[PDB]
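With PDB, N, CA and C atoms inside, this is protein14.pdb:
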ATOM      1  N   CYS A   1       0.870  -1.222   0.000  1.00  0.00           N
ATOM      2  CA  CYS A   1       0.000   0.000   0.000  1.00  0.00           C
ATOM      3  C   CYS A   1       0.877   1.232   0.000  1.00  0.00           C
ATOM      4  N   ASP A   2       0.475   2.329  -0.658  1.00  0.00           N
ATOM      5  CA  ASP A   2       1.222   3.600  -0.593  1.00  0.00           C
ATOM      6  C   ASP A   2       0.687   4.355   0.610  1.00  0.00           C
ATOM      7  N   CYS A   3      -0.566   4.124   0.976  1.00  0.00           N
ATOM      8  CA  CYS A   3      -1.140   4.821   2.129  1.00  0.00           C
ATOM      9  C   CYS A   3      -1.696   3.740   3.064  1.00  0.00           C
ATOM     10  N   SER A   4      -1.445   3.821   4.387  1.00  0.00           N
ATOM     11  CA  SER A   4      -1.966   2.794   5.299  1.00  0.00           C
ATOM     12  C   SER A   4      -3.296   3.137   6.012  1.00  0.00           C
ATOM     13  N   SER A   5      -3.924   4.222   5.558  1.00  0.00           N
ATOM     14  CA  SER A   5      -5.270   4.624   6.003  1.00  0.00           C
ATOM     15  C   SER A   5      -6.069   4.873   4.745  1.00  0.00           C
ATOM     16  N   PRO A   6      -7.359   4.465   4.702  1.00  0.00           N
ATOM     17  CA  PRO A   6      -8.220   4.851   3.602  1.00  0.00           C
ATOM     18  C   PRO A   6      -8.623   6.328   3.638  1.00  0.00           C
ATOM     19  N   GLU A   7      -8.345   7.073   4.719  1.00  0.00           N
ATOM     20  CA  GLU A   7      -8.802   8.465   4.743  1.00  0.00           C
ATOM     21  C   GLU A   7      -7.827   9.416   4.016  1.00  0.00           C
ATOM     22  N   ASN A   8      -6.643   8.913   3.670  1.00  0.00           N
ATOM     23  CA  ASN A   8      -5.572   9.707   3.084  1.00  0.00           C
ATOM     24  C   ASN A   8      -5.924  10.184   1.648  1.00  0.00           C
ATOM     25  N   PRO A   9      -6.043  11.501   1.427  1.00  0.00           N
ATOM     26  CA  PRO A   9      -6.491  11.947   0.105  1.00  0.00           C
ATOM     27  C   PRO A   9      -5.421  11.706  -0.979  1.00  0.00           C
ATOM     28  N   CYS A  10      -4.185  11.373  -0.584  1.00  0.00           N
ATOM     29  CA  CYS A  10      -3.184  11.075  -1.599  1.00  0.00           C
ATOM     30  C   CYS A  10      -3.407   9.759  -2.309  1.00  0.00           C
ATOM     31  N   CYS A  11      -4.227   8.835  -1.782  1.00  0.00           N
ATOM     32  CA  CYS A  11      -4.427   7.526  -2.428  1.00  0.00           C
ATOM     33  C   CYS A  11      -5.852   7.341  -2.703  1.00  0.00           C
ATOM     34  N   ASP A  12      -6.178   6.363  -3.520  1.00  0.00           N
ATOM     35  CA  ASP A  12      -7.550   5.914  -3.706  1.00  0.00           C
ATOM     36  C   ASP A  12      -7.770   4.882  -2.600  1.00  0.00           C
ATOM     37  N   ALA A  13      -8.814   5.004  -1.754  1.00  0.00           N
ATOM     38  CA  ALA A  13      -9.081   4.048  -0.642  1.00  0.00           C
ATOM     39  C   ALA A  13      -9.207   2.614  -1.163  1.00  0.00           C
ATOM     40  N   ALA A  14      -9.809   2.496  -2.348  1.00  0.00           N
ATOM     41  CA  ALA A  14     -10.111   1.197  -2.932  1.00  0.00           C
ATOM     42  C   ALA A  14      -8.859   0.421  -3.314  1.00  0.00           C
ATOM     43  N   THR A  15      -7.772   1.133  -3.629  1.00  0.00           N
ATOM     44  CA  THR A  15      -6.594   0.440  -4.142  1.00  0.00           C
ATOM     45  C   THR A  15      -5.496   0.514  -3.100  1.00  0.00           C
ATOM     46  N   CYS A  16      -5.641   1.466  -2.175  1.00  0.00           N
ATOM     47  CA  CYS A  16      -4.530   1.899  -1.301  1.00  0.00           C
ATOM     48  C   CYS A  16      -3.234   2.336  -2.020  1.00  0.00           C
ATOM     49  N   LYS A  17      -3.339   2.730  -3.284  1.00  0.00           N
ATOM     50  CA  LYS A  17      -2.209   3.266  -4.057  1.00  0.00           C
ATOM     51  C   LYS A  17      -2.401   4.738  -4.460  1.00  0.00           C
ATOM     52  N   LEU A  18      -1.317   5.415  -4.812  1.00  0.00           N
ATOM     53  CA  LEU A  18      -1.378   6.872  -5.137  1.00  0.00           C
ATOM     54  C   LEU A  18      -2.365   7.214  -6.245  1.00  0.00           C
ATOM     55  N   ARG A  19      -3.067   8.328  -6.114  1.00  0.00           N
ATOM     56  CA  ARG A  19      -3.948   8.862  -7.205  1.00  0.00           C
ATOM     57  C   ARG A  19      -3.052   9.444  -8.286  1.00  0.00           C
ATOM     58  N   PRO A  20      -3.596   9.677  -9.497  1.00  0.00           N
ATOM     59  CA  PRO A  20      -2.876  10.433 -10.545  1.00  0.00           C
ATOM     60  C   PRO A  20      -2.486  11.782  -9.992  1.00  0.00           C
ATOM     61  N   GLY A  21      -1.244  12.199 -10.260  1.00  0.00           N
ATOM     62  CA  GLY A  21      -0.674  13.484  -9.797  1.00  0.00           C
ATOM     63  C   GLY A  21       0.036  13.492  -8.451  1.00  0.00           C
ATOM     64  N   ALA A  22      -0.198  12.452  -7.638  1.00  0.00           N
ATOM     65  CA  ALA A  22       0.427  12.346  -6.309  1.00  0.00           C
ATOM     66  C   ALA A  22       1.745  11.647  -6.410  1.00  0.00           C
ATOM     67  N   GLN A  23       2.775  12.172  -5.733  1.00  0.00           N
ATOM     68  CA  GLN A  23       4.088  11.489  -5.814  1.00  0.00           C
ATOM     69  C   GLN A  23       4.229  10.601  -4.581  1.00  0.00           C
ATOM     70  N   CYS A  24       3.492  10.912  -3.499  1.00  0.00           N
ATOM     71  CA  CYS A  24       3.657  10.143  -2.260  1.00  0.00           C
ATOM     72  C   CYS A  24       2.444  10.210  -1.342  1.00  0.00           C
ATOM     73  N   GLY A  25       2.310   9.298  -0.383  1.00  0.00           N
ATOM     74  CA  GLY A  25       1.214   9.404   0.545  1.00  0.00           C
ATOM     75  C   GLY A  25       1.595   9.637   1.984  1.00  0.00           C
ATOM     76  N   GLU A  26       2.801   9.293   2.379  1.00  0.00           N
ATOM     77  CA  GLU A  26       3.241   9.475   3.756  1.00  0.00           C
ATOM     78  C   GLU A  26       4.739   9.398   3.740  1.00  0.00           C
ATOM     79  N   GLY A  27       5.338   9.800   4.859  1.00  0.00           N
ATOM     80  CA  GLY A  27       6.777   9.672   5.007  1.00  0.00           C
ATOM     81  C   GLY A  27       7.330  11.034   5.393  1.00  0.00           C
ATOM     82  N   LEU A  28       8.506  11.069   6.018  1.00  0.00           N
ATOM     83  CA  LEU A  28       9.067  12.313   6.518  1.00  0.00           C
ATOM     84  C   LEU A  28       9.371  13.257   5.401  1.00  0.00           C
ATOM     85  N   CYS A  29       9.535  12.735   4.172  1.00  0.00           N
ATOM     86  CA  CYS A  29       9.824  13.611   3.042  1.00  0.00           C
ATOM     87  C   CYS A  29       8.680  13.698   2.058  1.00  0.00           C
ATOM     88  N   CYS A  30       7.458  13.585   2.589  1.00  0.00           N
ATOM     89  CA  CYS A  30       6.244  13.784   1.776  1.00  0.00           C
ATOM     90  C   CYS A  30       5.571  15.013   2.310  1.00  0.00           C
ATOM     91  N   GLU A  31       5.196  15.915   1.408  1.00  0.00           N
ATOM     92  CA  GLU A  31       4.589  17.163   1.794  1.00  0.00           C
ATOM     93  C   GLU A  31       3.304  17.311   0.944  1.00  0.00           C
ATOM     94  N   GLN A  32       2.130  17.047   1.540  1.00  0.00           N
ATOM     95  CA  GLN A  32       0.836  17.207   0.849  1.00  0.00           C
ATOM     96  C   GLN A  32       0.818  16.431  -0.458  1.00  0.00           C
ATOM     97  N   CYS A  33       1.260  15.179  -0.441  1.00  0.00           N
ATOM     98  CA  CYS A  33       1.190  14.252  -1.567  1.00  0.00           C
ATOM     99  C   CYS A  33       2.259  14.517  -2.623  1.00  0.00           C
ATOM    100  N   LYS A  34       3.141  15.458  -2.375  1.00  0.00           N
ATOM    101  CA  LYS A  34       4.313  15.696  -3.218  1.00  0.00           C
ATOM    102  C   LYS A  34       5.623  15.433  -2.454  1.00  0.00           C
ATOM    103  N   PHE A  35       6.672  15.078  -3.187  1.00  0.00           N
ATOM    104  CA  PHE A  35       7.987  14.967  -2.547  1.00  0.00           C
ATOM    105  C   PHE A  35       8.441  16.274  -1.941  1.00  0.00           C
ATOM    106  N   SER A  36       8.958  16.206  -0.725  1.00  0.00           N
ATOM    107  CA  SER A  36       9.510  17.432  -0.113  1.00  0.00           C
ATOM    108  C   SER A  36      10.713  17.796  -0.918  1.00  0.00           C
ATOM    109  N   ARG A  37      11.054  19.095  -0.956  1.00  0.00           N
ATOM    110  CA  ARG A  37      12.189  19.534  -1.770  1.00  0.00           C
ATOM    111  C   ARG A  37      13.521  18.937  -1.299  1.00  0.00           C
ATOM    112  N   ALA A  38      14.409  18.728  -2.266  1.00  0.00           N
ATOM    113  CA  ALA A  38      15.703  18.145  -2.073  1.00  0.00           C
ATOM    114  C   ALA A  38      16.393  19.048  -1.090  1.00  0.00           C
ATOM    115  N   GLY A  39      17.059  18.455  -0.117  1.00  0.00           N
ATOM    116  CA  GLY A  39      17.882  19.221   0.839  1.00  0.00           C
ATOM    117  C   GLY A  39      17.176  19.643   2.114  1.00  0.00           C
ATOM    118  N   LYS A  40      15.879  19.413   2.195  1.00  0.00           N
ATOM    119  CA  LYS A  40      15.105  19.663   3.388  1.00  0.00           C
ATOM    120  C   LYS A  40      15.607  18.737   4.476  1.00  0.00           C
ATOM    121  N   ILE A  41      15.933  19.272   5.642  1.00  0.00           N
ATOM    122  CA  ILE A  41      16.493  18.458   6.680  1.00  0.00           C
ATOM    123  C   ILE A  41      15.440  17.537   7.201  1.00  0.00           C
ATOM    124  N   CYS A  42      15.773  16.269   7.366  1.00  0.00           N
ATOM    125  CA  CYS A  42      14.786  15.316   7.886  1.00  0.00           C
ATOM    126  C   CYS A  42      15.243  14.518   9.110  1.00  0.00           C
ATOM    127  N   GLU A  43      16.533  14.570   9.447  1.00  0.00           N
ATOM    128  CA  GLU A  43      17.023  13.897  10.655  1.00  0.00           C
ATOM    129  C   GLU A  43      18.284  14.628  11.055  1.00  0.00           C
ATOM    130  N   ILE A  44      18.370  14.932  12.340  1.00  0.00           N
ATOM    131  CA  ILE A  44      19.524  15.622  12.919  1.00  0.00           C
ATOM    132  C   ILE A  44      20.165  14.679  13.972  1.00  0.00           C
ATOM    133  N   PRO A  45      21.398  14.208  13.704  1.00  0.00           N
ATOM    134  CA  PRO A  45      22.039  13.248  14.616  1.00  0.00           C
ATOM    135  C   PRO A  45      22.410  13.852  15.966  1.00  0.00           C
ATOM    136  N   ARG A  46      22.567  13.004  16.981  1.00  0.00           N
ATOM    137  CA  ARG A  46      23.082  13.469  18.259  1.00  0.00           C
ATOM    138  C   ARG A  46      24.573  13.751  18.227  1.00  0.00           C
ATOM    139  N   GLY A  47      25.272  13.043  17.311  1.00  0.00           N
ATOM    140  CA  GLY A  47      26.702  13.081  17.197  1.00  0.00           C
ATOM    141  C   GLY A  47      27.036  14.063  16.106  1.00  0.00           C
ATOM    142  N   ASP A  48      28.319  14.226  15.795  1.00  0.00           N
ATOM    143  CA  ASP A  48      28.798  15.334  14.952  1.00  0.00           C
ATOM    144  C   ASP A  48      28.827  14.898  13.466  1.00  0.00           C
ATOM    145  N   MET A  49      27.678  14.471  12.979  1.00  0.00           N
ATOM    146  CA  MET A  49      27.551  14.017  11.627  1.00  0.00           C
ATOM    147  C   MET A  49      26.596  14.941  10.880  1.00  0.00           C
ATOM    148  N   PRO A  50      26.776  15.069   9.547  1.00  0.00           N
ATOM    149  CA  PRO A  50      25.793  15.789   8.699  1.00  0.00           C
ATOM    150  C   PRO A  50      24.356  15.273   8.865  1.00  0.00           C
ATOM    151  N   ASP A  51      23.398  16.199   8.760  1.00  0.00           N
ATOM    152  CA  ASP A  51      21.963  15.878   8.788  1.00  0.00           C
ATOM    153  C   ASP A  51      21.650  14.940   7.603  1.00  0.00           C
ATOM    154  N   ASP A  52      20.662  14.050   7.763  1.00  0.00           N
ATOM    155  CA  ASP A  52      20.019  13.443   6.618  1.00  0.00           C
ATOM    156  C   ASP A  52      19.061  14.509   6.063  1.00  0.00           C
ATOM    157  N   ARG A  53      18.923  14.552   4.735  1.00  0.00           N
ATOM    158  CA  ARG A  53      18.084  15.489   4.036  1.00  0.00           C
ATOM    159  C   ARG A  53      17.244  14.757   2.938  1.00  0.00           C
ATOM    160  N   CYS A  54      16.037  15.271   2.657  1.00  0.00           N
ATOM    161  CA  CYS A  54      15.208  14.724   1.636  1.00  0.00           C
ATOM    162  C   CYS A  54      15.920  14.814   0.292  1.00  0.00           C
ATOM    163  N   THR A  55      15.671  13.838  -0.570  1.00  0.00           N
ATOM    164  CA  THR A  55      16.354  13.832  -1.830  1.00  0.00           C
ATOM    165  C   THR A  55      15.514  14.550  -2.888  1.00  0.00           C
ATOM    166  N   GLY A  56      14.243  14.844  -2.606  1.00  0.00           N
ATOM    167  CA  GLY A  56      13.344  15.413  -3.621  1.00  0.00           C
ATOM    168  C   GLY A  56      12.732  14.386  -4.600  1.00  0.00           C
ATOM    169  N   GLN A  57      13.086  13.093  -4.436  1.00  0.00           N
ATOM    170  CA  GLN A  57      12.660  11.934  -5.298  1.00  0.00           C
ATOM    171  C   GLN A  57      12.275  10.703  -4.487  1.00  0.00           C
ATOM    172  N   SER A  58      11.988  10.898  -3.196  1.00  0.00           N
ATOM    173  CA  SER A  58      11.512   9.811  -2.321  1.00  0.00           C
ATOM    174  C   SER A  58      10.759  10.401  -1.167  1.00  0.00           C
ATOM    175  N   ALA A  59       9.777   9.648  -0.673  1.00  0.00           N
ATOM    176  CA  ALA A  59       8.937  10.021   0.473  1.00  0.00           C
ATOM    177  C   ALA A  59       9.638   9.842   1.842  1.00  0.00           C
ATOM    178  N   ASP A  60      10.744   9.086   1.843  1.00  0.00           N
ATOM    179  CA  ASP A  60      11.402   8.705   3.065  1.00  0.00           C
ATOM    180  C   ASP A  60      12.679   9.500   3.312  1.00  0.00           C
ATOM    181  N   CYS A  61      13.016   9.661   4.568  1.00  0.00           N
ATOM    182  CA  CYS A  61      14.269  10.309   4.910  1.00  0.00           C
ATOM    183  C   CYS A  61      15.440   9.325   4.709  1.00  0.00           C
ATOM    184  N   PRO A  62      16.416   9.686   3.863  1.00  0.00           N
ATOM    185  CA  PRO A  62      17.413   8.711   3.539  1.00  0.00           C
ATOM    186  C   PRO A  62      18.354   8.487   4.706  1.00  0.00           C
ATOM    187  N   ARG A  63      19.049   7.370   4.680  1.00  0.00           N
ATOM    188  CA  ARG A  63      19.993   7.078   5.711  1.00  0.00           C
ATOM    189  C   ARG A  63      21.352   7.227   5.005  1.00  0.00           C
ATOM    190  N   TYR A  64      21.952   8.402   5.178  1.00  0.00           N
ATOM    191  CA  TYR A  64      23.204   8.840   4.526  1.00  0.00           C
ATOM    192  C   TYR A  64      23.200  10.353   4.365  1.00  0.00           C
TER     193      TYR A  64
END

Could the structure of this file be written out as structure tokens, please?
Amino acid sequence: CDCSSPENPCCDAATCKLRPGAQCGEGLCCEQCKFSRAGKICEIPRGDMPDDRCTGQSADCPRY
């Protein structure tokens, strides 16, 4: 499923998959059914490492 609730307007409830025009249904890098812009910070480490940032081509916050 792209969406795990039937109430999510990004998917069709009947299919649980994205509607035409939607790039995503949930995830830290999904913004109103579109991919969040590339470089948007999505995870800030406790240690002295660079932030994870949205790639602009995935709904999830990458690990790297």

Can you tell me which residues surround range 38-53 of chain A at a distance of at most 8 Å, considering only N, CA and C atoms, apart from same-chain residues fewer than 5 positions away, and format the answer as a PDB file with N, CA and C atoms, keeping the file's coordinate frame?
ATOM      1  N   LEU A  28       8.506  11.069   6.018  1.00  0.00           N
ATOM      2  CA  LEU A  28       9.067  12.313   6.518  1.00  0.00           C
ATOM      3  C   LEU A  28       9.371  13.257   5.401  1.00  0.00           C
ATOM      4  N   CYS A  29       9.535  12.735   4.172  1.00  0.00           N
ATOM      5  CA  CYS A  29       9.824  13.611   3.042  1.00  0.00           C
ATOM      6  C   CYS A  29       8.680  13.698   2.058  1.00  0.00           C
ATOM      7  N   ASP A  60      10.744   9.086   1.843  1.00  0.00           N
ATOM      8  CA  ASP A  60      11.402   8.705   3.065  1.00  0.00           C
ATOM      9  C   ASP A  60      12.679   9.500   3.312  1.00  0.00           C
ATOM     10  N   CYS A  61      13.016   9.661   4.568  1.00  0.00           N
ATOM     11  CA  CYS A  61      14.269  10.309   4.910  1.00  0.00           C
ATOM     12  C   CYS A  61      15.440   9.325   4.709  1.00  0.00           C
ATOM     13  N   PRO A  62      16.416   9.686   3.863  1.00  0.00           N
ATOM     14  CA  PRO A  62      17.413   8.711   3.539  1.00  0.00           C
ATOM     15  C   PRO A  62      18.354   8.487   4.706  1.00  0.00           C
ATOM     16  N   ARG A  63      19.049   7.370   4.680  1.00  0.00           N
ATOM     17  CA  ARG A  63      19.993   7.078   5.711  1.00  0.00           C
ATOM     18  C   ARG A  63      21.352   7.227   5.005  1.00  0.00           C
ATOM     19  N   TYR A  64      21.952   8.402   5.178  1.00  0.00           N
ATOM     20  CA  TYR A  64      23.204   8.840   4.526  1.00  0.00           C
ATOM     21  C   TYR A  64      23.200  10.353   4.365  1.00  0.00           C
TER      22      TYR A  64
END

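The nearest approach to residue 14 in chain A among the residues A:59, A:36, A:26, A:2, with only C-alpha atoms taken into account, belongs to A:2.
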
Practice problem: Pick out the residues sitting within 7 Å of residue 9 in chain A, and hand them over as a list in words; count only N, CA and C atoms, and ignore anything fewer than 3 positions along from it in its own chain. | Solution: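 Counting only the stated atoms, we get residues 6, 12 and 19 of chain A.
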
Exercise. Run through the PyMOL selection byres (((chain A and resi 22 and name CA) around 12) and name CA) on the given coordinates and return the selected residues as a list in words.
Key: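 Applying the PyMOL selection byres (((chain A and resi 22 and name CA) around 12) and name CA) to the structure shown produces residues 2, 3, 8, 9, 10, 11, 12, 17, 18, 19, 20, 21, 23, 24, 25, 26, 30, 31, 32, 33, 34, 35 and 59 of chain A.
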
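Interatomic distance, CA of residue 58 in chain A against CA of residue 4 in chain A: 17.0 Å.
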
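Between atom N of residue 13 in chain A and CA of residue 27 in chain A lies a distance of 17.6 Å.
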
Practice problem: Step one, run DSSP on the backbone; step two, keep only residues of chain A assigned to strand (DSSP E); then write them as a list in words. | Solution: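 So the strand (DSSP E) residues in chain A would be residues 11, 12, 17, 18, 30, 31, 34, 35, 41, 42, 43, 52 and 53 of chain A.
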
Exercise. Between atom N of residue 55 in chain A and atom N of residue 15 in chain A, measure the distance and give it in Å to one decimal.
Key: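 Here the two named atoms are 26.8 Å from each other.
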
With N, CA, C and O atoms as the target, complete range 34-52 of chain A and hand it back as an mmCIF file, in the frame of the given file.
data_model
loop_
_atom_site.group_PDB
_atom_site.id
_atom_site.type_symbol
_atom_site.label_atom_id
_atom_site.label_comp_id
_atom_site.auth_asym_id
_atom_site.auth_seq_id
_atom_site.Cartn_x
_atom_site.Cartn_y
_atom_site.Cartn_z
ATOM 1 N N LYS A 34 3.141 15.458 -2.375
ATOM 2 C CA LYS A 34 4.313 15.696 -3.218
ATOM 3 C C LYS A 34 5.623 15.433 -2.454
ATOM 4 O O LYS A 34 5.707 15.513 -1.207
ATOM 5 N N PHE A 35 6.672 15.078 -3.187
ATOM 6 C CA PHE A 35 7.987 14.967 -2.547
ATOM 7 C C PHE A 35 8.441 16.274 -1.941
ATOM 8 O O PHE A 35 8.356 17.346 -2.578
ATOM 9 N N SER A 36 8.958 16.206 -0.725
ATOM 10 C CA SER A 36 9.510 17.432 -0.113
ATOM 11 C C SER A 36 10.713 17.796 -0.918
ATOM 12 O O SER A 36 11.349 16.890 -1.485
ATOM 13 N N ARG A 37 11.054 19.095 -0.956
ATOM 14 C CA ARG A 37 12.189 19.534 -1.770
ATOM 15 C C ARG A 37 13.521 18.937 -1.299
ATOM 16 O O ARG A 37 13.713 18.669 -0.124
ATOM 17 N N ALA A 38 14.409 18.728 -2.266
ATOM 18 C CA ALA A 38 15.703 18.145 -2.073
ATOM 19 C C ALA A 38 16.393 19.048 -1.090
ATOM 20 O O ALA A 38 16.275 20.265 -1.184
ATOM 21 N N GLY A 39 17.059 18.455 -0.117
ATOM 22 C CA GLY A 39 17.882 19.221 0.839
ATOM 23 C C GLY A 39 17.176 19.643 2.114
ATOM 24 O O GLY A 39 17.805 20.193 3.007
ATOM 25 N N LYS A 40 15.879 19.413 2.195
ATOM 26 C CA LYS A 40 15.105 19.663 3.388
ATOM 27 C C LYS A 40 15.607 18.737 4.476
ATOM 28 O O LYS A 40 15.609 17.541 4.296
ATOM 29 N N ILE A 41 15.933 19.272 5.642
ATOM 30 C CA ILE A 41 16.493 18.458 6.680
ATOM 31 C C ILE A 41 15.440 17.537 7.201
ATOM 32 O O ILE A 41 14.317 17.978 7.484
ATOM 33 N N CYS A 42 15.773 16.269 7.366
ATOM 34 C CA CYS A 42 14.786 15.316 7.886
ATOM 35 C C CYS A 42 15.243 14.518 9.110
ATOM 36 O O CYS A 42 14.396 13.881 9.775
ATOM 37 N N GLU A 43 16.533 14.570 9.447
ATOM 38 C CA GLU A 43 17.023 13.897 10.655
ATOM 39 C C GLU A 43 18.284 14.628 11.055
ATOM 40 O O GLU A 43 19.107 14.975 10.196
ATOM 41 N N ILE A 44 18.370 14.932 12.340
ATOM 42 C CA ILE A 44 19.524 15.622 12.919
ATOM 43 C C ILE A 44 20.165 14.679 13.972
ATOM 44 O O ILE A 44 19.511 14.312 14.991
ATOM 45 N N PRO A 45 21.398 14.208 13.704
ATOM 46 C CA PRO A 45 22.039 13.248 14.616
ATOM 47 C C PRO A 45 22.410 13.852 15.966
ATOM 48 O O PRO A 45 22.594 15.046 16.062
ATOM 49 N N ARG A 46 22.567 13.004 16.981
ATOM 50 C CA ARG A 46 23.082 13.469 18.259
ATOM 51 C C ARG A 46 24.573 13.751 18.227
ATOM 52 O O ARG A 46 25.073 14.592 19.027
ATOM 53 N N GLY A 47 25.272 13.043 17.311
ATOM 54 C CA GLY A 47 26.702 13.081 17.197
ATOM 55 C C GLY A 47 27.036 14.063 16.106
ATOM 56 O O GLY A 47 26.153 14.645 15.547
ATOM 57 N N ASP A 48 28.319 14.226 15.795
ATOM 58 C CA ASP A 48 28.798 15.334 14.952
ATOM 59 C C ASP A 48 28.827 14.898 13.466
ATOM 60 O O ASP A 48 29.878 14.925 12.781
ATOM 61 N N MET A 49 27.678 14.471 12.979
ATOM 62 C CA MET A 49 27.551 14.017 11.627
ATOM 63 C C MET A 49 26.596 14.941 10.880
ATOM 64 O O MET A 49 25.693 15.514 11.495
ATOM 65 N N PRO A 50 26.776 15.069 9.547
ATOM 66 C CA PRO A 50 25.793 15.789 8.699
ATOM 67 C C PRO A 50 24.356 15.273 8.865
ATOM 68 O O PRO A 50 24.131 14.067 9.053
ATOM 69 N N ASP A 51 23.398 16.199 8.760
ATOM 70 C CA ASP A 51 21.963 15.878 8.788
ATOM 71 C C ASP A 51 21.650 14.940 7.603
ATOM 72 O O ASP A 51 22.326 15.025 6.559
ATOM 73 N N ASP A 52 20.662 14.050 7.763
ATOM 74 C CA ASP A 52 20.019 13.443 6.618
ATOM 75 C C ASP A 52 19.061 14.509 6.063
ATOM 76 O O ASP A 52 18.419 15.230 6.824
#
